[PDB]
Amino acid sequence: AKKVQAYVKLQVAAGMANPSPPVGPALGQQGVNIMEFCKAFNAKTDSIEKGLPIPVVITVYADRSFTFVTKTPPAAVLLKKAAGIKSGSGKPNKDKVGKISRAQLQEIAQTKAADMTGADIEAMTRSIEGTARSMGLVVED
Amino acid sequence: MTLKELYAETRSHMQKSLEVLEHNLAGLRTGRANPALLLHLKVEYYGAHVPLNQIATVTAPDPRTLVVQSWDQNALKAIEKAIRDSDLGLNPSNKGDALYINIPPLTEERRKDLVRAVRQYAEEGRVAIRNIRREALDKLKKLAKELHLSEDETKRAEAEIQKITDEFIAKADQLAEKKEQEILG
Amino acid sequence: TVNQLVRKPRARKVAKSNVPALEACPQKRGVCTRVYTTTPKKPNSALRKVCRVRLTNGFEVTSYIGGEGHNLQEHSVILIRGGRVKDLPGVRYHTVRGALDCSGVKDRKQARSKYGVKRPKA
RNA sequence: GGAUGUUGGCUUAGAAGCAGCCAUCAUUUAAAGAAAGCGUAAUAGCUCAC
RNA sequence: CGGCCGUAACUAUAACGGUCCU
RNA sequence: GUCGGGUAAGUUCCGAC
RNA sequence: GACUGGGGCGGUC
RNA sequence: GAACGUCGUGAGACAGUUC
RNA sequence: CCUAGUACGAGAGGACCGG
RNA sequence: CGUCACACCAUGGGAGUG
RNA sequence: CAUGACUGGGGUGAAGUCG
């Protein structure tokens, strides 16, 4: 929506960071300061919400300094917790791993509303449904 | 018999002789110089348990030495602590950017003693196949008299038996020669 | 009689030393062709351990590998000593225990000199 | 101009439109394929459909 | 002045056994 | 023919079976 | 003895 | 010319060997 | 042999083109 | 007791070879 | 004096076949 600048995107757990494989080398290649971010990220993430993986967009500058915006957790993850399942279908639509009431879809749609473009609630729900269909999660209306 | 059954029998017999030859040859002393052997080993790489193949390669330039190149230096260490006492009992050496893992050698003197044995097994196959051609010719002689086959018929039958012979001779030569190169490598 | 003696006196007797690895030596080095487990004579039973040796002087010969615990290979270098063995014919030698590329009895606390042992765990 | 859920789910060391398997909806719209090819270790980036 | 068949420690051979006719 | 010999290499040759 | 895709062998008269 | 094996009562013969 | 022990390659090894 | 199998040990003979 | 296709007898062994 603005001028595109160098920046990495990744989904890190709420209250935890700094391991090399998960993070470190990922943004580390960019010139990011892992230590600062790990502490910085976990700082606000505890308040926003712990226990839920939240994707964040790191924006590094020429100063190799950086900023990041914390958005809402992915639709897939919220659907997984709502479904009460650990993973997706593996073979979506063919085999249903779990289900979600339409009410919950509205809840998730509500949560991600900030990130969603949907003009109305019905709209955002329909978008959430899209994710559910891809993960083998049916919705009971 | 008939000509058709003589051919079928002869070809069967020779094939069976070729199979005894295949058996005598097909043993080899390689059986620990395999590269696929070490891919199952979980390697400690950055405290994670990455499979050996994803972190390293195992090549064999000969089946005497085995060299294991490991992309990362830390991983190479943890590969070394597994090659030895596990169930293999091998002896890796740290030599270069790869582990050299020696497999039992064979002196050149024993290599002579081995190549002659191959040729002896080769000769057991060939002698059997030629003796079957000989026997087939003998059977054809009886058959010719018995079924009152003409001379020309018998010569056509001889050519057919001979053609079958030369195929099994050819197959024998190929088997021996290939095994010879394996032994010499 | 003196006369019969003056002509053809009293002949000696070339002492036949039952030992191919002669050379008048206390022992001889070998190479070990293989490791057998041949059976004894008629009076005794139980399979003993032996092994053909390619003595330094070429003279091949099987030596006994006494001790309650063998540990030789088909290429290991041992040292022949002597002293034949009854139950085992043709086997008129024994491999030195605790010498060359051989080993030596384990956990043995009696008759340490013989076999392979030198002052136990104290 | 080619957006958002979304790096779709699975798989995988990684698989983010573009190794592979399944699905291929919904939202914003003037338009915008869970994407046509190149490309990256994977992203990125470039070009295409419209 | 003979055949056919089975057979011992890695095979291969078979001292051995069988069997048909001289 | 097979093995050995001579030869850098020997359908001939020499020694065997 | 002949016939015979020379003759012969084979086969047929 | 001669010989062996073999094919033929045989003269001889062989997509065999031998001097 | 020079190019060039270079390109390529983990090493091992080892060109193109042209002379 | 002597063949005849095997497996080792030493040894005579040998086209000849060094 | 060393060695050689093959070959003869000798010696052990574990004791097999045959008497």
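Chains as they are written, first to last, in PDB author numbering: chain G, 1 to 141; chain J, 1 to 185; chain I, 2 to 123.
Beta carbons are placed, not taken as given, at the ideal position from N, Cα and C, and that holds for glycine.
If you check the beta carbons only, do residue i and residue j fall under 8 Å apart?
{"i": "residue 34 of chain I", "j": "residue 51 of chain I", "result": "no"}
{"i": "residue 33 of chain J", "j": "residue 60 of chain J", "result": "yes"}
{"i": "residue 112 of chain G", "j": "residue 75 of chain G", "result": "yes"}
{"i": "residue 52 of chain J", "j": "residue 38 of chain J", "result": "yes"}
{"i": "residue 82 of chain I", "j": "residue 93 of chain I", "result": "no"}
{"i": "residue 52 of chain G", "j": "residue 14 of chain G", "result": "yes"}
{"i": "residue 177 of chain J", "j": "residue 28 of chain J", "result": "no"}
{"i": "residue 140 of chain J", "j": "residue 158 of chain J", "result": "yes"}
{"i": "residue 134 of chain J", "j": "residue 162 of chain J", "result": "no"}
{"i": "residue 189 of chain J", "j": "residue 103 of chain J", "result": "As shown, chain J starts at 1 and ends at 185. That puts residue 189 of chain J outside it, with no answer to give."}
{"i": "residue 150 of chain I", "j": "residue 36 of chain I", "result": "Nothing about residue 150 of chain I can be reported from this structure: the residues present for chain I run from 2 to 123 only."}
{"i": "residue 88 of chain G", "j": "residue 97 of chain G", "result": "yes"}
{"i": "residue 171 of chain J", "j": "residue 18 of chain J", "result": "yes"}
{"i": "residue 72 of chain G", "j": "residue 45 of chain G", "result": "no"}
{"i": "residue 101 of chain I", "j": "residue 80 of chain I", "result": "yes"}
{"i": "residue 27 of chain G", "j": "residue 8 of chain G", "result": "yes"}
{"i": "residue 17 of chain G", "j": "residue 33 of chain G", "result": "no"}
{"i": "residue 101 of chain G", "j": "residue 139 of chain G", "result": "yes"}
If you follow the alpha helix (DSSP H) that residue i is part of, which residue opens it and which one closes it?
{"i": "residue 82 of chain J", "result": "73-83"}
{"i": "residue 28 of chain G", "result": "25-28"}
{"i": "residue 121 of chain J", "result": "108-146"}
{"i": "residue 134 of chain G", "result": "121-135"}
{"i": "residue 104 of chain G", "result": "102-112"}
On the criterion of 16 or more Cβ atoms from any shown chain inside 10 Å, does residue i qualify as buried, or is it exposed?
{"i": "residue 104 of chain G", "result": "buried"}
{"i": "residue 121 of chain G", "result": "exposed"}
{"i": "residue 90 of chain G", "result": "exposed"}
{"i": "residue 45 of chain J", "result": "buried"}
{"i": "residue 29 of chain I", "result": "buried"}
{"i": "residue 18 of chain I", "result": "exposed"}
{"i": "residue 40 of chain J", "result": "exposed"}
{"i": "residue 185 of chain J", "result": "exposed"}
{"i": "residue 146 of chain J", "result": "exposed"}
{"i": "residue 122 of chain J", "result": "buried"}
{"i": "residue 151 of chain J", "result": "exposed"}
Helix, strand or coil: which one does DSSP assign to residue i?
{"i": "residue 58 of chain G", "result": "strand"}
{"i": "residue 2 of chain J", "result": "coil"}
{"i": "residue 140 of chain G", "result": "strand"}
{"i": "residue 70 of chain J", "result": "strand"}
{"i": "residue 85 of chain G", "result": "coil"}
{"i": "residue 18 of chain G", "result": "coil"}
{"i": "residue 116 of chain I", "result": "coil"}
{"i": "residue 152 of chain I", "result": "Missing from the structure shown is residue 152 of chain I; chain I here goes from 2 to 123 and no further."}
{"i": "residue 99 of chain G", "result": "strand"}
Span of the beta strand (DSSP E) holding residue i?
{"i": "residue 70 of chain G", "result": "66-70"}
{"i": "residue 102 of chain J", "result": "98-102"}
| Completely contained alpha helix (DSSP H) runs for the region 12-59 of chain J, where each covers 4 or more residues | 52-55
Which whole runs of the beta strand (DSSP E) in the region 26-93 of chain I are 3 residues long or more, in chain order? 51-55, 61-65
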